[PDB]
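What follows is one chain in structure tokens, specifically the form deposited in one PDB entry.
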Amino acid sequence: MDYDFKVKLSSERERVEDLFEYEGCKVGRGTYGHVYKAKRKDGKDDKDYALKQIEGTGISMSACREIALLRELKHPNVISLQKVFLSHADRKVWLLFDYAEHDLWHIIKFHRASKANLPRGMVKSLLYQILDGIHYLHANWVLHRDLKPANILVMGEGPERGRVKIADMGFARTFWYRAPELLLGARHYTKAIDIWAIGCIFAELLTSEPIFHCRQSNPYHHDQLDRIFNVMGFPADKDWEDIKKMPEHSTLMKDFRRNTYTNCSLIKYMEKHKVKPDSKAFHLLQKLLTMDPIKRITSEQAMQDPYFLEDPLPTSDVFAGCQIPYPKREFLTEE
């Protein structure tokens, strides 16, 4: 490497530790890496930022997909990548975004903890915005592959108040959000797999409970499938014709009997959680939660559902001007 080229680059190189104040401000730690609530040290902005140190050193498949995709994707419901910092000494990659004070994991946890001890169209607006961001990804042949409440961020106070931001494109290639074809050995991720995850989220927004909640290498997972059949019922041959084609179909036949789930249906489940089966919300949930992926509704068809034309209409701000009762995120003392 040319020395003059190297010192010039090193002199011009923006370092994350010099630009942002984030030590002690970790709000997330997972397979994605570490997410911090950061502030600019130069103080020309008073905005909060989200700084992510990607997991591992160098550019993994995960980091590569997240950078490659977020560098192109531009949609109001997809988290926007501002900057990439490449720390040469430790080979760490940092990604900068706007800070979303909220996410669906915390919002749902807040409602769940309340039932133990929402504005009218908040759930509808969250679903419409998730559908809008996923439809943009799918129109661009991008599968999320890991949709869950935790990576569905929602902006707090500011110019984008209550706007959903879909996060985490780094899934390069619990199971409560995994479509049943994945649990039966499906060899590829599809748009339908994302749609099933959106259906799980929608049901959880309506009831505050993970619809396919289940106890903690092989793609086949008995208890998770059992929970799905306890909620949905056991698929008949006519409901999912190509189920015979799944690699784990004979394992499903050996471990399960249809009659066990004879009084099981999405209608009965949602009835227990006080959601009316005759509502447009229920009919849309059922179209998203279809066992056979080829029979699952598309994100664009979901956006056209009459549920979104029924009062109340979805709003740009999911909180619809209402005081946000949700607390701010807590800082993890990561050691």
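Throughout, rigid core stands for the largest set of C-alpha atoms superposing within 1.5 Å between the two forms. In case it trips you up, residue 1 is the first one in the sequence shown, and so on.
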Does the comparison with other PDB entries of this protein show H222 lacking coordinates in a third or more of them, where both adjacent residues are built?
no
Is it the case that at least a third of the other compared entries omit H106, given both of its neighbours are modelled there?
no
For the neighbouring pair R173 and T174, the stretch of deposited sequence with no coordinates amounts to 10 or more
As the entry reports it, the stretch among 236-244 and 121-129 with higher mean C-alpha B factor is 236-244
Is the mean CA B factor in the deposited entry higher across 51-59 or across 291-299?
51-59
Which one of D90, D146, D98, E72 shows the biggest C-alpha B-factor in the PDB entry?
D90
Per the deposited B-factor column, the C-alpha that peaks among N151, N140, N259, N230 belongs to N259
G30 CA temperature factor, ranked by third within the chain:
highest
Going by the recorded CA B-factors, say which third of the chain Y220 sits in, lowest, middle or highest.
highest
Is the Cα B-factor recorded for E160 in the lowest, middle or highest third of its chain?
middle
Splitting the chain's C-alpha B-factors into thirds, which one does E209 fall into?
middle
Lowest, middle or highest third: where is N77 by C-alpha B factor in its chain?
lowest
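Beyond what is shown, the protein has a form deposited in another entry; the following relates to that form.
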After superposing the two forms on their rigid core, pick out the one entry in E55, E310, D48, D292 with a CA shift of 2 Å or more between the shown form and the other one.
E55
